[PDB]
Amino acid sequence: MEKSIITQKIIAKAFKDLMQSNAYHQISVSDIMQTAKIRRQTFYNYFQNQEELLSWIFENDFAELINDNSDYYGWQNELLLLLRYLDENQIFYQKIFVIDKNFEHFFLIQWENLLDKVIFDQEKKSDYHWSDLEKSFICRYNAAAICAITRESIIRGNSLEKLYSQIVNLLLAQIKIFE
């Protein structure tokens, strides 16, 4: 989305930029709005504080990457863009894994949402005999794997995009047996 959230997106970009090179708690609202080039008080039309801004970033950015697009068959492109986003924002996310103990659970749910999208898109392309139980299992199994691998890579400072071909290939192999 763009038109209904223009200012929020500018403020969030500013914050993400500062998180590349400053510790989270040393970024004030004043700093964010200086970087955004918007009058400070405007921040409060939208967020009470930096925690609320973080929450918004997590909800918006993952939805935008996974769901907010037009594509009929999109999951492979979405996965690539998600890995690229995590690489670009690796320092931000390393920091969040330190600051927010509940983030790991949110992160896993994001991967689950991606797997739900994989299933959604595949069922548009081909016919499958997977039961409801089997679809749940494939999603939970793979979401857990990708969550663990990408969390570790983020924390370690290893590139996520380098894993893309291997992840796609393993997912497609598993999907195929249910044709």
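Residue positions are given as counts along the sequence shown, with the first one as 1.
Engineer: Which is higher on average in the deposited entry, the C-alpha temperature factors of 96 to 104 or of 78 to 86?
Structural biologist: Higher mean C-alpha B-factor: 96 to 104.
Engineer: Look up the CA B-factors in the entry and say which stretch, 65 to 73 or 136 to 144, has the higher mean.
Structural biologist: If you average the C-alpha B-factors of 136 to 144 and of 65 to 73, the larger mean comes out for 65 to 73.
Engineer: When the deposited Cα B-factors of this chain's modelled residues are ordered and cut into thirds, is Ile167 in the lowest, the middle or the highest one?
Structural biologist: CA B-factor rank for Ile167: lowest third.
Engineer: Where does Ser28 sit by CA temperature factor within its chain: lowest, middle or highest third?
Structural biologist: Within its chain, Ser28 is a middle-third residue by C-alpha B-factor, going by the deposited values.
Engineer: In terms of the CA temperature factor given in the entry, to which third of its chain does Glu112 belong: lowest, middle or highest?
Structural biologist: According to the entry, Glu112 has a C-alpha B-factor in the chain's lowest third.
Engineer: Going by the entry, which third of its chain does the Cα temperature factor of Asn158 land in?
Structural biologist: Highest third, going by the recorded CA B-factors of the chain.
Engineer: Tell me, lowest, middle or highest third: where does the Cα B factor of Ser126 rank within its chain?
Structural biologist: Highest third - that is where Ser126 ends up once the chain's C-alpha B-factors are sorted.
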